[PDB]
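Enquirer: PDB entry and its sequence, pasted below:
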Number of protein chains: 2
Amino acid sequence: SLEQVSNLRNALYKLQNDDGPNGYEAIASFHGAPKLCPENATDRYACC
Amino acid sequence: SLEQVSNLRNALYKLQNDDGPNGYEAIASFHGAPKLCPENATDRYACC
């Protein structure tokens, strides 16, 4: 319904806006890009 | 928030759209072109 759909909409928008250590980009970078795997290596791969 | 985003977007949309005596474009032209200040003068200058 409207209440839950709007809460989800607001939550999505604010998590997208957030640029913290647990932001959307920080939490999604583990899967596809930009290859932050492993930690402190010359050549990096995917943690996928 | 997303609802606040919508509210501000609507407000700025009508502000840009209308051209009343409080016209946003007219009041913003002061800081630069089209050389409004001063009145009744052949040569003007930037109001800022």
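Expert: Structure received. Numbers count the residues shown, from 1 in each chain, chains lettered A, B, ... in the order given.

Enquirer: now do the residue nearest to residue A:37 when sequence neighbours are not counted against residue A:39, distance only.
Expert: Excluding the flanking residues, the one nearest residue A:37 by C-beta to C-beta, 6 or more residues apart in numbering or on different chains is residue A:47, at 3.7 Å. C-beta: built from backbone N, CA, C; applies to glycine. Counting by C-beta to C-beta, to the nearest Å, the gap from residue A:47 to residue A:39 is 10 Å.

Enquirer: and the two? which has more neighbours close in?
Expert: The residue with more neighbours, out of residue A:47 and residue A:39, is residue A:47; 13 against 7, by other C-beta atoms under 10 Å in any protein chain shown.

Enquirer: go ahead and confirm residue A:46 touches residue A:38.
Expert: No. Using C-beta atoms under 8 Å, residue A:46 makes no contact with residue A:38, being 10.2 Å away.

Enquirer: ranges for the strands of chain A?
Expert: For chain A, no strands are identified by DSSP state E.

Enquirer: for residue A:1, see how far away the residue of it at minimum distance from chain B is.
Expert: The nearest approach of chain A to chain B comes at residue A:13, 4.1 Å away (C-beta to the nearest C-beta). According to C-beta to C-beta, residue A:13 and residue A:1 sit 19 Å apart.

Enquirer: more neighbours, the two?
Expert: Higher neighbour count among residue A:13 and residue A:1: residue A:13, with 15 against 5, using other C-beta under 10 Å.
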